[PDB]
Amino acid sequence: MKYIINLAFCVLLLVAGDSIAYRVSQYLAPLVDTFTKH
Amino acid sequence: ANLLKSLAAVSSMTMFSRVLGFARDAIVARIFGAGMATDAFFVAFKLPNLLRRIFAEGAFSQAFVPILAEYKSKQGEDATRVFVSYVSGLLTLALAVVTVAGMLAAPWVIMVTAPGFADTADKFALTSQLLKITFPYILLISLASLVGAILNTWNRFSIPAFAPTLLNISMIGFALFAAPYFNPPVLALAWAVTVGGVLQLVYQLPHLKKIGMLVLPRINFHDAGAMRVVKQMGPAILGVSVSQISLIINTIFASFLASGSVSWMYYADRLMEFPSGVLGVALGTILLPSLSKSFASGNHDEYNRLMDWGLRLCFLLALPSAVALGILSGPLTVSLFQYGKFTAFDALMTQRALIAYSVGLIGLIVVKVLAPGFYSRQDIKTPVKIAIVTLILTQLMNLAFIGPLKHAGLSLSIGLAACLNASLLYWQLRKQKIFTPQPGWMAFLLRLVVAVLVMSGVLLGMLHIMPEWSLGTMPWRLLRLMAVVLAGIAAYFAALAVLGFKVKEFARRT
């Protein structure tokens, strides 16, 4: 039962690896450039 | 001696696969240009290749081969046949479900994967068509690698190693000949990989007939062997996703870096995955079936001997490779990438990422030796535990190194991540009283390193004799490239020969 979610999660990781990396890159971009001087 | 022969056969066949691979995109870019159609096929083809990491290469193999070895050694060939038929049927069902899912959700997958394809209507329509055609390739390569895995368990490694380059010949024929038969001709390449997948599979059935392991894919969910395979596939998928997460955050740091840095990491990774793929990956496919047979049979002293032999041969073939790549970080980049779009600046950055990656080149390969140790023990949880521990510590060195080292820091941190991953692998093996190395390791290291100074002294001496690499055209620059390295490795092996090292010392049976 729990196996299916694990398989789906990793399939999403491989298939969308570039897009999740892109999605969070500008999501936390406002977070990180405000961290530079702190 | 057959262990060395099998390792040489797989490494040479992989060598043939990679050089055929470089010829593959060279002719493809020549005949199809570099338009939106060419990279559309690349996206549609790389997607099944990542799914290969689950069902064929990086998750199914270590969850199936150890069970195959136990079944073969203890139960017999009849129980092995019913086991392999059941797991193959379950694997076929799993691949059929995802393949059908891609059939009726190809546009959905395209926007999920590449948001830069949905906006372009003409490319979105094209890539959806190609993705539909090449989607069954993951199905074909899943059984193709499944047959390759069982053949490896039966000490047949030459046949599975031919399969990768076999697809290259099939794709080369379709692109060279059946270009005008499709409008647009790009669909010919989409059919090429699919036909290559079938040609890969049909290749190994005659060999599988010799061992009598041919079986119809019967279905039985309640069968214990299939349940065990899925149960161990749990941690295996977790390890694949953990490695995927580490790759994801590496991309996150790279995106935050300076503009144009991603290309330097990509090319350095190409020059780093080339030796680790030829050497480390090949070492995995031979050791994993052999270690599993020894562990299942109860020959623990043969399990330790195989582990030691894989370790010492890894050091023998990786330490000169890592130092050679570091020494020729300059010449390699200027002879493979400094062409038109590149300047002296871009080549210099790639050389800095090359030496940083080459520091962990030894780590990447030795990980491919140590990881099958626990994979052999039917204890996949421990490698994942090392994987998560490595993952968290990788990020804290990532954000520490991006400051003063930038892209060189990311490459070096990945290198140290693999090296310390291997030391964690070694520590767990010794702590649990599993692997006992044979005496004489200290002499092996000291004789190895002095041969490395022989490699460096010859290579830098030959470099300063060798005039500027920018002079000349494609054939001249490449010709001088292997010319120096063949003399360097010949000097390396000559140093090994005069140091009392012989091939017979690395000869293993069974």
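Key figures for this structure:
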{"quantity": "Options B:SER411, B:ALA443, B:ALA44, ranked by Cα towards positive dipole end of the protein assembly as shown, top entry (Cβ charges)", "calculated": "B:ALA443"}
{"quantity": "Charge dipole (debye, nearest 20) of the range B:250-510; +1 at Cβ of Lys and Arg, -1 at Cβ of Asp and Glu", "calculated": "540 debye"}
{"quantity": "Where labels lie 7 Å past Cα in the beta-carbon direction, separation of B:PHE342 and B:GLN75 in nm", "calculated": "5.2 nm"}
{"quantity": "Inter-chain shielding of B:230-243 (mean C-beta neighbours from other protein chains, 10 Å cut-off)", "calculated": "3"}
{"quantity": "Average Cα contact separation per residue, chain B, under 8 Å, 6 or more apart, as relative contact order %", "calculated": "19 percent"}
{"quantity": "Dipole axis of chain B (+1 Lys, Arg; -1 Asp, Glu on Cβ), positive-most option in B:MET466, B:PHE221, B:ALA179", "calculated": "B:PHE221"}
{"quantity": "Electrostatic dipole magnitude of the range B:1-220 [Cβ: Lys, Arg +1; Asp, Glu -1; Cα centre; debye, to 20]", "calculated": "500 debye"}
{"quantity": "Simple label model, 7 Å out from Cα along Cβ direction - B:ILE249 to B:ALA121, nm", "calculated": "4.3 nm"}
{"quantity": "Only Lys, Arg (+1) and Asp, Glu (-1) charged, at Cβ; the range B:172-329 dipole about Cα centre in debye", "calculated": "400 debye"}
{"quantity": "B:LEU288, B:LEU481, A:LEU14 arranged by Cβ crowding within 10 Å, fewest neighbours leading", "calculated": "B:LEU481, A:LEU14, B:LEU288"}
{"quantity": "The range B:379-401 versus the range B:427-482: alpha-carbon centroid distance in Å", "calculated": "27 Å"}
{"quantity": "Efficiency of FRET between B:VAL449 and B:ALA258 - r from beta-carbon atoms, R0 25 angstrom, step 0.05", "calculated": "0.10"}
{"quantity": "Inter-label distance, nm, simple model (7 Å from Cα along the C-beta direction), B:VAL100/B:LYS431", "calculated": "4.6 nm"}
{"quantity": "For B:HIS222, A:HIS38, B:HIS207, B:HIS300, order by how many other beta-carbon atoms lie within 10 Å, fewest first", "calculated": "A:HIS38, B:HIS222, B:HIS300, B:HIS207"}
{"quantity": "Positive-end extreme of charge dipole, the range B:14-112 - chosen from B:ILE27, B:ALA69, B:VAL100 (charges on Cβ)", "calculated": "B:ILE27"}
{"quantity": "Ascending count of other beta-carbon atoms within 10 Å, so fewest first, for B:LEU4, B:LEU126", "calculated": "B:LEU4, B:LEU126"}
{"quantity": "Pairs beyond 32 Å (Cα-Cα), from B:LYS123/B:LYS381; B:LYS46/B:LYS368; B:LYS132/B:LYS341; B:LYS5/B:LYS74", "calculated": "B:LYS123/B:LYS381; B:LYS132/B:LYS341"}
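Positions of Cβ are backbone-derived with ideal geometry, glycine not excepted, and every protein chain shown enters the neighbour counts. Bear in mind these aren't lab numbers, they're just calculated from the coordinates by the rules spelled out.
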